[PDB]
Amino acid sequence: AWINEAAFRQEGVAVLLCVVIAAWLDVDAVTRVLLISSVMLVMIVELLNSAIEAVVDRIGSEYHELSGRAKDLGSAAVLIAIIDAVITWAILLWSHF
Amino acid sequence: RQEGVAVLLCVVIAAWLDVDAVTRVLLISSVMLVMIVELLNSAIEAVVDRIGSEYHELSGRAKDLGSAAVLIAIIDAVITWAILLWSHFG
Amino acid sequence: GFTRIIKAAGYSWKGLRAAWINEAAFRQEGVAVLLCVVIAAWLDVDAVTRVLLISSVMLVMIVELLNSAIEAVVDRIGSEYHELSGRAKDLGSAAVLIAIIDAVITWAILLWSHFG
Ligand SMILES: CCCCCCC/C=C/CCCCCC(=O)OC[C@@H](O)CO
Ligand SMILES: CCCCCCC/C=C\CCCCCC(=O)OC[C@@H](O)CO
Ligand SMILES: CCCCCCC/C=C\CCCCCC(=O)OC[C@@H](O)CO
Ligand SMILES: CCCCCCC/C=C\CCCCCC(=O)OC[C@@H](O)CO
Ligand SMILES: CCCCCCC/C=C\CCCCCC(=O)OC[C@@H](O)CO
Ligand SMILES: CCCCCCC/C=C\CCCCCC(=O)OC[C@@H](O)CO
Ligand SMILES: CCCCCCC/C=C\CCCCCC(=O)OC[C@@H](O)CO
Ligand SMILES: CCCCCCC/C=C\CCCCCC(=O)OC[C@@H](O)CO
């Protein structure tokens, strides 16, 4: 039922779409691999960030300074993952058009 | 752990195969990512187990989200090996 | 849907900021990454090498951030020591080191083949 939340669907379908698009693109193996891997990683990192968010909320509702930092650090990881994804697709698909 | 031998075996084959530098890096990197995600998933589990042995909807949710990450990483590894080996023997 | 990006983006900055400000080891790691990203960008290589150079050091930062979050969770739960507390950080620290060794090896292989 974690899969059914209206956020993962949006994240997932975005990642899933790119994998499909990369699967159809006329690129060589190394490019196709890198295209898929970057989007997959984002999904991987987000899943890990959500898992951390679960552990924090598991402890309780009472806000602690460290509780917020873990979430921010986890969000930062996703941000970096998404940037790496955009840079990857840019560098590889640039001048491909 | 079994994975260390498994990772080695993956590295053995990667070095065994006659592939260029870029392809050889991609193969081993994909395998290493699985270890990293598994290690990170294992870390998350260790935390959850410590807080309480008792069941909580949030405790099981983290473990599920963590195991899915491992799955996706493994899927990514298979796709990588499939694609590159297909191209290599193409 | 548009707002979900903004909220998420704001957290990420707090994460990078807190990580930066609190540790010298992080800032120096951050600098090492940024220099690596820069060097790869101007380097005369093909796109696949450039991406591999960038991706690998990015991954170091990703795992570093993720492990840092796990550490924050452990420290949150209590001052108290624990075998499962040490285990969590031990596992998370291993992941960080693997990502770096890969990064070092990958960066070493690519510059070998390019300059040798
Ligand atoms: C449980 C088994 C799942 C993994 C093996 C079977 C399905 C995946 C096959 C390889 C990945 C498919 C995506 C790559 C693709 O579509 O382009 C094919 C092309 O790159 C071959 O050179
Ligand atoms: C010309 C270059 C094209 C660049 C393509 C950009 C998209 C490629 C990879 C990024 C995948 C992002 C999917 C994950 C995602 O954004 O969802 C998480 C986010 O909504 C959290 O707020
Ligand atoms: C508003 C809809 C947006 C859709 C997402 C963006 C679409 C991205 C690419 C569309 C073209 C697909 C690639 C087709 C192609 O390159 O052909 C591959 C080659 O095998 C042809 O022989
Ligand atoms: C994907 C859209 C998000 C915003 C776009 C901004 C992208 C930022 C950096 C991506 C670098 C793009 C240039 C890559 C490139 O191929 O350099 C040109 C070179 O190949 C000329 O042969
Ligand atoms: C041609 C033969 C080489 C094939 C290499 C394919 C690489 C696929 C996965 C790499 C990850 C290795 C670790 C596997 C693992 O952790 O599973 C262990 C667990 O499922 C046992 O219950
Ligand atoms: C030259 C500038 C860098 C080139 C790539 C630019 C990156 C483009 C878009 C990335 C920002 C998307 C924001 C998504 C986000 O907030 O991350 C979600 C995370 O923090 C929590 O899940
Ligand atoms: C393509 C993007 C490169 C990302 C590589 C990893 C970045 C790691 C650290 C950079 C985070 C920037 C935050 C800087 C910061 O917090 O300074 C604010 C504070 O010091 C004001 O005194
Ligand atoms: C303070 C944080 C700064 C973050 C900046 C984000 C980095 C954006 C793009 C990284 C550089 C990649 C572009 C490399 C490129 O296009 O050159 C390739 C070209 O020389 C091939 O002929």
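Throughout, chain A uses Swiss-Prot numbering, with the displayed residues spanning 25-121 in order.
Each Cβ is built from the backbone N, Cα and C atoms, and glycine gets one as well.
Feature annotations, reproduced from Swiss-Prot:
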BINDING   A:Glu29, A:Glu77  divalent metal cation binding site
ACT_SITE  A:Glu70  active site, proton acceptor
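Neighbours of A:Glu77 (divalent metal cation binding site), defined as other CB atoms within 10 A of its CB across all chains, total 21. Separating the Cα atoms of A:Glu70 (active site, proton acceptor) and A:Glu29 (divalent metal cation binding site) is a whole-number distance of 14 Å. Neighbour counts of Cβ atoms within 10 Å were compared across the recorded positions A:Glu29, A:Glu70; the minimum falls on A:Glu29.
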